[PDB]
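Secondary and tertiary structure notes
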Protein chains: 2
Amino acid sequence: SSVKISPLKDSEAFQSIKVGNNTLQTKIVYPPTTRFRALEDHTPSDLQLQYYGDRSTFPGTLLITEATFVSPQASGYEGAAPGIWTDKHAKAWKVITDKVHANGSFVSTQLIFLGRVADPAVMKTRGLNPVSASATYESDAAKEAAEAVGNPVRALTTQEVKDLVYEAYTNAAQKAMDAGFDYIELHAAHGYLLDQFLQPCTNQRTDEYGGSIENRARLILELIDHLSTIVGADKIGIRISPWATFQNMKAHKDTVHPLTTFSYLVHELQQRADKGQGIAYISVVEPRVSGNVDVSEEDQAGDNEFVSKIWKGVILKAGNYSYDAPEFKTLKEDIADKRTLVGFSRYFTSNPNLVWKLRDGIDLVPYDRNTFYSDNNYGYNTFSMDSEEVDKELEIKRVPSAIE
Amino acid sequence: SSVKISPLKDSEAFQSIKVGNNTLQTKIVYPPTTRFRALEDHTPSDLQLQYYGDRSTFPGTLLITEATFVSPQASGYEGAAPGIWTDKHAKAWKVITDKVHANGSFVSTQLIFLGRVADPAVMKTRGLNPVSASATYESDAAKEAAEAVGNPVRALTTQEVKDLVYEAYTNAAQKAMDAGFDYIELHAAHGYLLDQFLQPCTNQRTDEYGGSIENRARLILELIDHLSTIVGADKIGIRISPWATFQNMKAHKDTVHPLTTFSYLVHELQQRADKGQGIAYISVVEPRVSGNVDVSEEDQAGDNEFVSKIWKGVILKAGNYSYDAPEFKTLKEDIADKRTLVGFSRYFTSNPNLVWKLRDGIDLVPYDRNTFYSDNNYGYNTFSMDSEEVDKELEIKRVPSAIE
Ligand SMILES: Cc1cc2nc3c(=O)[nH]c(=O)nc-3n(C[C@H](O)[C@H](O)[C@H](O)COP(=O)(O)O)c2cc1C
Ligand SMILES: Cc1cc2nc3c(=O)[nH]c(=O)nc-3n(C[C@H](O)[C@H](O)[C@H](O)COP(=O)(O)O)c2cc1C
Ligand code: NA
Ligand code: NA
Ligand code: NA
Ligand code: NA
Ligand code: NA
Ligand code: NA
Ligand code: NA
Ligand code: NA
């Protein structure tokens, strides 16, 4: 049902904050949210142009795009997710970032690489294997699926790992700049490739990229360092989900605990900040949520206070922040330090004007999980229309098309 | 001035708790507290026998002895601290543990090794150098002092590190058992030898005992493992002070943050517990105190929640727990999980019956920092006497003597 909320107008959520080179006028952020309304060849679509535009209308909002593939080897969904590796991709994204910018808002692109969870049939069509830090699967079913089509997961070679830094992510970053993104965000969360490198359940390498906490972090820090030299540290973010068990990450049951893995990473990031190479923000998933699933208090094994104690810069937190609506006690506590942003993903899907609703205490429209991942405009841009105007059957038939 | 306190009788502080093989009847503990009333040759004294006996009278209290040297190379104070490496040491300690036991209470011995902070003149009299993980000093003054007597700090060789495990600590553990101690506690806090191994500001080794988080922890875990095979894991504790800057530990300013170093260690301890080799307790210093110094809230850089999230066994916490007297809100919160002990060091010096006073809400007698470290009975056992009975000049003259 609809969520009654108290207005946040007079709260820290509407105090300006500098994030890298840009100043936000609200601390409410749209986090990366996969929806599968890109074109078949991963170019952003007409639907996406309106979708991001509709969420940019409170001037000075930060929007972070849905996970966007860095390269063909980075892909692996059956649904149509966007990419940022070709000039065509960048030119289409630029229409979208232009629209957000014309509203005085800002946009970060989340760069994803699927890794061991890439669909093996999809990858086979590209003549590629699913790849990872090590040759592992998230489940027996995943292993059987891959072996059945003769396309097993394999470990990247040392040279391939270098190629991620100097080729795949470098080109994605260059394309992101061509596309006018204000930031690029490394996806190091939720059991995808970079999280697979960081944690021991997924990384048993014996080269410089595994075999210790420091070695497992090496690829991620190499990307931070190299990409900082290309786009500047002020245009870089990173997302982590220390507590998540999404895609079979062991988290607090792994042989190295997330507090160890992620405190190591965050302290290395702060040391870079101390030397003048501080990245724009660290985005962290609160333990209330794991990937796209809520986690009971009983099941929660830690929290993200360590990030606040170790990192001195901007932090973005997300995960069921309306759980204590209408008064938003937890949100208010979490933004009290004046360097913290708060994200809403699921409610932003059904409330394109969410910043305005939270500002003025307007009831939140419930979201529709059934249309989170479908291929058409129904449950996508229809939340911007008066219900009386929406032709459902027409909109279900409205698949993504080229911009303009 | 005296501290008004509310009674803790009906609180979790007077619920029984199993710690290793023994059951305590109070959760109030006397933590290790150096006082320098041992004999010159480090044998425990008549004064110490009464001192520990006087603190054992609430049946089922755990007392932890003052830091006790594991070996001659472990020493380095000018004052007279006790040892546990000879039969003479063990026989004297056994008179003390017998007395505690006859009151139904229990006693752990804290095993210390000074390392880089050992007084270089004292060590020179033994024909030894101050030794450490690496050849470092806590200050320029310490370096100048050592070089001036031609006795610089030096790094232990790999073989010497093995000798700590198989000789120094093994023999101390065997003597501790001969002495009737219920537990041995590894001192891995406050900038002494084991803390010097754990943290990077003090350990730059290039053998298996330094050069990574795992390598720096290796000696400590080797001691836990080897000593568990000698005395049993149920007779082992360890003390850590993640946040302390005592003896120039860099703590949150080091190149690896304490949350990383100490979460690694504690999770490795829990993995041993999961396999049936769980140690009796982890003792942690709360960030209110660093060594023997209080730390302002402003200066506090983290907390010990991580220990509670990672370790499932008994935890002992200490550090200015009367700061929110009379109601003891923080103490009550911290023992609510039913597996946590709370220690008082400074107030136990001036209140030998502290468990009884806390039980029944009797005002605490102020402690006397001026006599914490002096060489005689004044301000030592005199707190057990009616003031009217105490002859001050006689007691100042009363230096430690042999038991019996
Ligand atoms: C439909 C959906 C798609 C998502 N896609 C992404 C994604 O592309 N990248 C990512 O880091 N997290 C993704 N997430 C996780 C969200 O960004 C967010 O952290 C999570 O939903 C919790 O926030 P919320 O309670 O406000 O929804 C997704 C979540 C959902 C429900
Ligand atoms: C005089 C004195 C001697 C101490 N000696 C030791 C010691 O031998 N080993 C140790 O681990 N801590 C030692 N400490 C630290 C205490 O065990 C304790 O953690 C600290 O005093 C904070 O607790 P409190 O506020 O109840 O005094 C000592 C502290 C003082 C004041
Ligand atoms: Na403003
Ligand atoms: Na999948
Ligand atoms: Na899945
Ligand atoms: Na915060
Ligand atoms: Na009892
Ligand atoms: Na000293
Ligand atoms: Na000192
Ligand atoms: Na507790």
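Residues numbered from 1 in each chain as written, not as in the entry; some residues may be left out. Chains lettered and ligands numbered in written order. Heavy atoms only, no water.

Looking at the method and resolution fields of the entry, one finds X-ray crystallography and 1.500 Å.

Focus: the site of ligand 2
All names here are of chain B. Around ligand 2, 19 residues are found, and the nearest of them are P32, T34, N320, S345 and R346. Measuring from an oxygen atom of ligand 2, one finds a backbone N or O atom of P32 at 2.8 Å. Note that a nitrogen atom of ligand 2 is positioned 2.9 Å from one of the side-chain N or O atoms of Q110. Comparing atom positions with the cavity grids shows ligand 2 to sit within the second largest pocket. Here the residues of the shell around ligand 2 sort into seven nonpolar, ten polar and two charged. (Near = heavy atom within 4 Å. Polar contact = N/O pair within 3.5 Å; in protein donor to acceptor, adjacent residues only side chain to side chain. 1 Å grid on protein atoms, 1.4 Å probe; cavity = no way out; pocket = protein on both sides within 12 Å on 5 of 7 lines; lining within 4 Å. Sits in = over half its atoms within 2 Å of the grid points. Nonpolar A, V, L, I, M, F, W, Y, C, P; charged D, E, K, R; others polar.)

A short note on the site of ligand 1
Residue and element names in this part refer to chain A. As a matter of local geometry, ligand 1 sits amid 19 residues, with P32, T34, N320, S345 and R346 nearest to it. Notes on ligand 1: free accessible area 610 Å², of which the protein chains cover 95%. Each residue belonging to the shell around ligand 1 can be placed in one class, and the counts come to seven nonpolar, ten polar and two charged. (Areas by Shrake-Rupley, 256 points an atom, 1.4 Å probe, with all protein chains shown as cover.)

Remarks on the UniProt feature "domain: NADH:flavin oxidoreductase/NADH oxidase N-terminal" (unreviewed entry) in chain A
Residues annotated in UniProt with the feature "domain: NADH:flavin oxidoreductase/NADH oxidase N-terminal" (unreviewed entry) correspond here to residues 14-362 of chain A. The distance from the first to the last C-alpha atom of residues 14-362 of chain A is 16 Å, and the span holds 37% helix and 15% strand. (UniProt positions renumbered as here; feature names shortened; annotations may be inferred. Helix = DSSP H or I, 4+ residues; strand = E, 2+ residues; numbered from the N terminus.)

Some words on the pairing of strand β14 (residues 314-318) of chain B
All names here are of chain B. The buried fraction of β14 is high, at five of five residues. Where burial is concerned, the two faces of β14 agree: the one with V314, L316 and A318 and the one with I315 and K317 are both buried. As paired strands, strand β11 (residues 281-285) and β14 are joined by five bridges and run parallel to one another. When the sheet's bridge partners are listed, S283 is paired in β14 with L316. Summarising the sheet, β14 and strand β15 (residues 340-343) pair through four bridges and their orientation is parallel. Paired with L316 across the bridge in β15 is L341. With helix α10 (residues 329-335) bridging β14 and its parallel neighbour β15, the resulting β-α-β unit is right-handed. (Buried < 20%, exposed > 50% of the residue type's maximum accessible area, 1.4 Å probe, protein only. Pairing = 2+ DSSP bridges. Right-handed = clockwise from strand over helix to strand, strands pointing away.)

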